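This is my_file.cif. It holds mmCIF, C-alpha atoms.
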data_entry
#
loop_
_atom_site.group_PDB
_atom_site.id
_atom_site.type_symbol
_atom_site.label_atom_id
_atom_site.label_comp_id
_atom_site.auth_asym_id
_atom_site.auth_seq_id
_atom_site.Cartn_x
_atom_site.Cartn_y
_atom_site.Cartn_z
ATOM 1 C CA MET A 1000 149.068 98.841 103.956
ATOM 2 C CA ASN A 1001 146.216 98.852 106.540
ATOM 3 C CA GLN A 1002 145.743 95.078 106.622
ATOM 4 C CA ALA A 1003 145.065 93.853 110.150
ATOM 5 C CA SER A 1004 145.887 90.592 111.810
ATOM 6 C CA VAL A 1005 144.705 88.903 114.980
ATOM 7 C CA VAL A 1006 147.119 89.716 117.825
ATOM 8 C CA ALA A 1007 147.045 88.208 121.305
ATOM 9 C CA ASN A 1008 145.559 90.718 123.743
ATOM 10 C CA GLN A 1009 146.710 88.582 126.679
ATOM 11 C CA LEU A 1010 148.981 85.560 127.116
ATOM 12 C CA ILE A 1011 146.864 82.747 125.725
ATOM 13 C CA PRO A 1012 147.891 79.518 127.491
ATOM 14 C CA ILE A 1013 148.242 76.218 125.656
ATOM 15 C CA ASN A 1014 145.037 74.374 124.848
ATOM 16 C CA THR A 1015 142.891 77.357 125.872
ATOM 17 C CA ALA A 1016 139.611 78.131 124.050
ATOM 18 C CA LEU A 1017 139.812 81.576 122.392
ATOM 19 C CA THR A 1018 137.511 84.302 123.658
ATOM 20 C CA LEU A 1019 136.937 87.810 122.286
ATOM 21 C CA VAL A 1020 138.895 89.450 125.109
ATOM 22 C CA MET A 1021 141.961 87.500 123.915
ATOM 23 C CA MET A 1022 141.964 88.786 120.348
ATOM 24 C CA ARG A 1023 142.899 92.332 119.380
ATOM 25 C CA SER A 1024 143.723 93.451 115.882
ATOM 26 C CA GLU A 1025 146.692 95.369 114.629
ATOM 27 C CA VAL A 1026 148.386 96.129 111.307
ATOM 28 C CA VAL A 1027 151.582 94.060 111.552
ATOM 29 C CA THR A 1028 154.051 92.195 109.420
ATOM 30 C CA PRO A 1029 154.228 89.314 108.783
ATOM 31 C CA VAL A 1030 150.477 89.014 108.259
ATOM 32 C CA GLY A 1031 148.668 86.448 110.438
ATOM 33 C CA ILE A 1032 145.104 85.277 110.526
ATOM 34 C CA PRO A 1033 143.006 88.186 109.214
ATOM 35 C CA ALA A 1034 141.064 90.166 111.726
ATOM 36 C CA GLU A 1035 137.871 89.445 109.913
ATOM 37 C CA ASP A 1036 138.233 85.775 110.983
ATOM 38 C CA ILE A 1037 137.934 86.502 114.700
ATOM 39 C CA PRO A 1038 134.335 85.249 114.899
ATOM 40 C CA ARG A 1039 135.452 81.883 113.406
ATOM 41 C CA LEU A 1040 138.232 81.643 116.023
ATOM 42 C CA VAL A 1041 135.995 82.038 119.095
ATOM 43 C CA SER A 1042 136.007 78.799 121.071
ATOM 44 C CA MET A 1043 138.785 77.232 118.998
ATOM 45 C CA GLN A 1044 141.827 76.160 121.029
ATOM 46 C CA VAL A 1045 145.372 77.301 120.574
ATOM 47 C CA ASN A 1046 147.906 74.483 120.374
ATOM 48 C CA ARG A 1047 150.723 76.314 122.158
ATOM 49 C CA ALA A 1048 151.161 79.203 124.542
ATOM 50 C CA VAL A 1049 150.729 82.461 122.622
ATOM 51 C CA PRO A 1050 152.615 85.326 124.304
ATOM 52 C CA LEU A 1051 151.042 88.757 124.650
ATOM 53 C CA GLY A 1052 151.386 90.737 121.481
ATOM 54 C CA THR A 1053 152.035 87.743 119.246
ATOM 55 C CA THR A 1054 150.426 87.599 115.843
ATOM 56 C CA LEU A 1055 148.142 84.592 115.690
ATOM 57 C CA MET A 1056 149.071 82.338 112.767
ATOM 58 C CA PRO A 1057 147.063 79.554 111.098
ATOM 59 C CA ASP A 1058 149.319 76.817 112.530
ATOM 60 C CA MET A 1059 148.657 78.010 116.109
ATOM 61 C CA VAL A 1060 144.962 77.134 116.229
ATOM 62 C CA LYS A 1061 143.724 73.517 116.423
ATOM 63 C CA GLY A 1062 141.858 72.555 113.312
ATOM 64 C CA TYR A 1063 142.044 75.982 111.772
ATOM 65 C CA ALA A 1064 141.700 76.430 108.053
ATOM 66 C CA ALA A 1065 140.858 79.679 106.218
#
Whole structure given in structure tokens:
Amino acid sequence: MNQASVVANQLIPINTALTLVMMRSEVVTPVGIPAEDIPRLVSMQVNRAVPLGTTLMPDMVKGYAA
């Protein structure tokens, strides 16, 4: 209950460096990268196109580890 994940606020194209305008948060299931990790994600690249409204998962971000 109430646990938020990072959700794409825009289509995020492949190999694009994440910016704050790209990353909303929402309480969804399954649970993705926690919202609190957004600062860590800024400037990291996604390794695939991430459609609008997709929950961002650990395997979608180059080099990401919690």
Would you be able to write out as a short mmCIF file (atom, residue, chain, number, x, y, z; two decimals) with C-alpha atoms, in the coordinates of the input which residues have an atom within 9 Å of (144.2, 91.8, 124.5) in the file's coordinates, counting all atoms listed in the file?
data_model
loop_
_atom_site.label_atom_id
_atom_site.label_comp_id
_atom_site.auth_asym_id
_atom_site.auth_seq_id
_atom_site.Cartn_x
_atom_site.Cartn_y
_atom_site.Cartn_z
CA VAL A 1006 147.12 89.72 117.82
CA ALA A 1007 147.04 88.21 121.30
CA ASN A 1008 145.56 90.72 123.74
CA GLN A 1009 146.71 88.58 126.68
CA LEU A 1010 148.98 85.56 127.12
CA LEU A 1019 136.94 87.81 122.29
CA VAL A 1020 138.90 89.45 125.11
CA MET A 1021 141.96 87.50 123.92
CA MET A 1022 141.96 88.79 120.35
CA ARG A 1023 142.90 92.33 119.38
CA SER A 1024 143.72 93.45 115.88
CA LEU A 1051 151.04 88.76 124.65
CA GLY A 1052 151.39 90.74 121.48
#
Selection result for the PyMOL selection byres ((chain A and resi 1029) around 10) on this file, as a PyMOL selection string: chain A and resi 1004+1026-1028+1030-1031+1054+1056
Contacts of residue 1035 in chain A within 9 Å, only C-alpha atoms, excl. fewer than 4 positions in-chain, as a list in words: residues 1003, 1004, 1005 and 1039 of chain A
Non-local contacts of residue 1061 in chain A (10 Å; all atoms listed in the file; under 5 positions in same chain excluded) as a count of residues only: 8
Separation of CA of residue 1011 in chain A from CA of residue 1025 in chain A in Å: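 These two atoms are separated by 16.8 Å.
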Option closest in space to residue 1034 in chain A, from A:1049, A:1055, A:1000, A:1017 [counting only C-alpha atoms]: A:1055
Kindly add N, CA, C and O atoms to the incomplete range 1019-1044 of chain A and provide the output as an mmCIF file, in the coordinates of the input.
data_model
loop_
_atom_site.group_PDB
_atom_site.id
_atom_site.type_symbol
_atom_site.label_atom_id
_atom_site.label_comp_id
_atom_site.auth_asym_id
_atom_site.auth_seq_id
_atom_site.Cartn_x
_atom_site.Cartn_y
_atom_site.Cartn_z
ATOM 1 N N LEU A 1019 136.736 86.483 122.871
ATOM 2 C CA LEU A 1019 136.937 87.810 122.286
ATOM 3 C C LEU A 1019 137.922 88.663 123.064
ATOM 4 O O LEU A 1019 138.644 89.449 122.414
ATOM 5 N N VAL A 1020 137.972 88.578 124.380
ATOM 6 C CA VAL A 1020 138.895 89.450 125.109
ATOM 7 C C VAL A 1020 140.328 89.080 124.806
ATOM 8 O O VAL A 1020 141.230 89.888 125.114
ATOM 9 N N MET A 1021 140.599 87.910 124.228
ATOM 10 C CA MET A 1021 141.961 87.500 123.915
ATOM 11 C C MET A 1021 142.499 88.053 122.593
ATOM 12 O O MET A 1021 143.687 87.897 122.338
ATOM 13 N N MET A 1022 141.613 88.562 121.739
ATOM 14 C CA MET A 1022 141.964 88.786 120.348
ATOM 15 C C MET A 1022 141.799 90.249 119.949
ATOM 16 O O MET A 1022 140.691 90.734 119.712
ATOM 17 N N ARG A 1023 142.892 90.970 119.932
ATOM 18 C CA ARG A 1023 142.899 92.332 119.380
ATOM 19 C C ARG A 1023 143.239 92.244 117.900
ATOM 20 O O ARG A 1023 143.531 91.185 117.380
ATOM 21 N N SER A 1024 143.181 93.369 117.210
ATOM 22 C CA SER A 1024 143.723 93.451 115.882
ATOM 23 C C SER A 1024 144.659 94.618 115.707
ATOM 24 O O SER A 1024 144.478 95.645 116.324
ATOM 25 N N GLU A 1025 145.624 94.401 114.829
ATOM 26 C CA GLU A 1025 146.692 95.369 114.629
ATOM 27 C C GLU A 1025 147.230 95.166 113.213
ATOM 28 O O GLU A 1025 147.339 94.021 112.769
ATOM 29 N N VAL A 1026 147.700 96.222 112.576
ATOM 30 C CA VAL A 1026 148.386 96.129 111.307
ATOM 31 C C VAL A 1026 149.869 95.829 111.557
ATOM 32 O O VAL A 1026 150.580 96.709 112.025
ATOM 33 N N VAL A 1027 150.249 94.585 111.321
ATOM 34 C CA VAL A 1027 151.582 94.060 111.552
ATOM 35 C C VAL A 1027 152.063 93.278 110.336
ATOM 36 O O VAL A 1027 151.317 92.825 109.478
ATOM 37 N N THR A 1028 153.404 93.089 110.316
ATOM 38 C CA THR A 1028 154.051 92.195 109.420
ATOM 39 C C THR A 1028 154.924 91.215 110.215
ATOM 40 O O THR A 1028 155.534 91.627 111.242
ATOM 41 N N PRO A 1029 155.014 89.956 109.816
ATOM 42 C CA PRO A 1029 154.228 89.314 108.783
ATOM 43 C C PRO A 1029 152.730 89.266 109.131
ATOM 44 O O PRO A 1029 152.346 89.442 110.302
ATOM 45 N N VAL A 1030 151.909 89.079 108.095
ATOM 46 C CA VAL A 1030 150.477 89.014 108.259
ATOM 47 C C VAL A 1030 150.026 87.640 108.773
ATOM 48 O O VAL A 1030 150.382 86.591 108.203
ATOM 49 N N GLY A 1031 149.245 87.662 109.819
ATOM 50 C CA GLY A 1031 148.668 86.448 110.438
ATOM 51 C C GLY A 1031 147.258 86.219 109.969
ATOM 52 O O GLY A 1031 146.848 86.634 108.901
ATOM 53 N N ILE A 1032 146.513 85.485 110.812
ATOM 54 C CA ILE A 1032 145.104 85.277 110.526
ATOM 55 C C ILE A 1032 144.441 86.641 110.427
ATOM 56 O O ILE A 1032 144.628 87.515 111.284
ATOM 57 N N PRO A 1033 143.632 86.873 109.372
ATOM 58 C CA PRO A 1033 143.006 88.186 109.214
ATOM 59 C C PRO A 1033 142.022 88.479 110.350
ATOM 60 O O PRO A 1033 141.298 87.601 110.855
ATOM 61 N N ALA A 1034 141.978 89.756 110.714
ATOM 62 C CA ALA A 1034 141.064 90.166 111.726
ATOM 63 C C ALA A 1034 139.621 89.776 111.507
ATOM 64 O O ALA A 1034 138.886 89.502 112.445
ATOM 65 N N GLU A 1035 139.243 89.774 110.234
ATOM 66 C CA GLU A 1035 137.871 89.445 109.913
ATOM 67 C C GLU A 1035 137.525 88.030 110.334
ATOM 68 O O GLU A 1035 136.324 87.719 110.420
ATOM 69 N N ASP A 1036 138.477 87.146 110.581
ATOM 70 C CA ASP A 1036 138.233 85.775 110.983
ATOM 71 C C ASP A 1036 138.049 85.576 112.470
ATOM 72 O O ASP A 1036 137.903 84.435 112.947
ATOM 73 N N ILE A 1037 138.150 86.653 113.251
ATOM 74 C CA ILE A 1037 137.934 86.502 114.700
ATOM 75 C C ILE A 1037 136.685 85.763 115.086
ATOM 76 O O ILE A 1037 136.749 84.901 115.978
ATOM 77 N N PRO A 1038 135.516 86.014 114.510
ATOM 78 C CA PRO A 1038 134.335 85.249 114.899
ATOM 79 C C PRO A 1038 134.541 83.749 114.727
ATOM 80 O O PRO A 1038 134.085 82.940 115.554
ATOM 81 N N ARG A 1039 135.182 83.288 113.674
ATOM 82 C CA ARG A 1039 135.452 81.883 113.406
ATOM 83 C C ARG A 1039 136.353 81.302 114.490
ATOM 84 O O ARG A 1039 136.203 80.160 114.912
ATOM 85 N N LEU A 1040 137.277 82.098 115.010
ATOM 86 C CA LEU A 1040 138.232 81.643 116.023
ATOM 87 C C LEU A 1040 137.610 81.448 117.395
ATOM 88 O O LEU A 1040 138.165 80.675 118.181
ATOM 89 N N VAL A 1041 136.525 82.120 117.735
ATOM 90 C CA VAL A 1041 135.995 82.038 119.095
ATOM 91 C C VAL A 1041 135.664 80.593 119.417
ATOM 92 O O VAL A 1041 134.964 79.919 118.649
ATOM 93 N N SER A 1042 136.164 80.125 120.537
ATOM 94 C CA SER A 1042 136.007 78.799 121.071
ATOM 95 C C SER A 1042 136.991 77.781 120.532
ATOM 96 O O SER A 1042 137.079 76.688 121.086
ATOM 97 N N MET A 1043 137.729 78.108 119.480
ATOM 98 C CA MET A 1043 138.785 77.232 118.998
ATOM 99 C C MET A 1043 139.982 77.302 119.959
ATOM 100 O O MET A 1043 140.222 78.329 120.578
ATOM 101 N N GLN A 1044 140.704 76.185 120.066
ATOM 102 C CA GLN A 1044 141.827 76.160 121.029
ATOM 103 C C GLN A 1044 143.136 76.456 120.313
ATOM 104 O O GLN A 1044 143.409 75.982 119.205
#
